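Below you'll find only one chain, the form solved without its partner chain, shown as structure tokens.
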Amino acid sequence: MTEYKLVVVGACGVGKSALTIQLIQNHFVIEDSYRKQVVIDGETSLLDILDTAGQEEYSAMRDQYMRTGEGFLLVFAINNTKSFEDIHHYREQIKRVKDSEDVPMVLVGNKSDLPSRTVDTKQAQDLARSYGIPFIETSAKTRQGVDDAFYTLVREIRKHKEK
């Protein structure tokens, strides 16, 4: 089977852990990684997901863990404008460690189940279009779009590996 190293990044409290746990265990709730065997478009895939946590620091060991990622989920929360404005920073750090302008990534607007949204869908769609990447709205609470976010990311890695 093909293994894919995925990293989930984004601002404090956006739901990076809740998204990973919902994917792995189908439940709603320190840095660790989680493995899950899945079938995507008929191909059995082993997803190895790093749920980013800890302090902001740029040691060689921190860069080496992040560089291990083949694709990244850039997560913001639809009710947190600051988390959306922080997406640029996370994308910047991914391109730096991967040393490439072309890295598989998916923009994820999480907490779509909450009312009182502050980031409009159109604004996130236009940003993703500028980056040349997919945008998916998710809810780790109701599971809406969770599988679609990780599977779309695997499809982006496949597109990158084929080219």
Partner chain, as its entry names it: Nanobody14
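Positions refer to the first chain, counted from 1.
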**Study point:** Chain break class at residue 29/residue 30 - deposited residues not modelled
**Key:** 4 to 9
Point to revise | Stretch with the greater mean C-alpha B-factor as recorded in the entry, comparing 39-47 against 59-67 | key: 39-47
Study note, to complete from the structure: Looking only at C-alpha temperature factors in the entry, 151-159 or 6-14, the higher average sits in 151-159
**Study point:** Among 130, 116, 138, 123 - the residue whose C-alpha B-factor is largest in the record
**Key:** 116
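Same protein, other form: the form solved in complex with its partner chain, not shown, and the subject of what follows.
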Review point. Taking heavy atoms and a 4.5 Å limit, what residues of 55-71 are near its partner chain in the entry with it bound?
Key: 67, 68, 69, 70
